[PDB]
């Protein structure tokens, strides 16, 4: 009955710092995952040289077969999962020349659909007193404010369903392909919209857990890790990966029986208004 925590996108950046902290603070096994097996194994070796003992499993959140193989591994080895940190994500660099509609499709595929597929496959494995942490971004809040009032209403809704949200996320991508995203009320940041998806998906999944698994004391939240020096944000950012890991780790390790936060967007360990 060994407890297990898992971090997606764990080979570098904020993900690696989360894995490192969980190795020290989580009472059980910690699984570092990475899409590239050599990069993941190198990260495990780095942490071993620091005196830590993470496990490794491959995971690419854009490959459903990869997610399913991880699901099967967790069921066989642990009988489920205690802590899930959905950290993996991508962004196009500012003024990357890639056509915007391609930036939209690609960023959405990973940040939203990939994250959603991991939740689809692994949420059923979450044990009582488990915790799920979805790494979103303050860019979701910024993007939300740049949406039309109609879209703001839909994304802030307490009654929105997962299928409605998926419809809206695909609508953004389709609108960019048709040359109509501005006209249809969307913001200019594709990354921002994908993080709207992550934030709102967390709200919905928290509602579903309270509906379907009441009594199991599972807490699920979205978070902003802050502005962190990584390959995504670059060297000018204000936080180290260590500092970036604090809020996700806080949310992952919420004491047993805690009533909240649940279904919240959390920054600097504090609940933000959506």
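Positions refer to the first chain, counted from 1. Each form is matched to the other, and the largest set of C-alpha atoms that superpose within 1.5 Å is called the rigid core.
Taken in 5 other deposited structures of this protein and fitted on the core, 165 to 173 and 91 to 99 differ in how far their Cα atoms move from the shown form, and the one that moves more is 91 to 99. Comparing 200 to 208 with 178 to 186, the higher mean C-alpha B-factor in the PDB entry belongs to 178 to 186. The mean C-alpha temperature factor is higher for 76 to 84 when 107 to 115 and 76 to 84 are set side by side. The PDB entry assigns the greatest CA B-factor among 214, 57, 68, 39 to 214. Remark: residue 10 belongs to the middle third of its chain, ranked by C-alpha B-factor as recorded. For residue 151, the recorded CA B-factor ranks within the middle third of the chain. Only modelled residues enter the ranking. Remark: residue 158 belongs to the middle third of its chain, ranked by C-alpha B-factor as recorded. Among the modelled residues of its chain, residue 132 has a C-alpha B-factor that falls in the lowest third, as given in the PDB entry. When the modelled residues of the chain are ordered by their C-alpha B factor, residue 195 lands in the lowest third.
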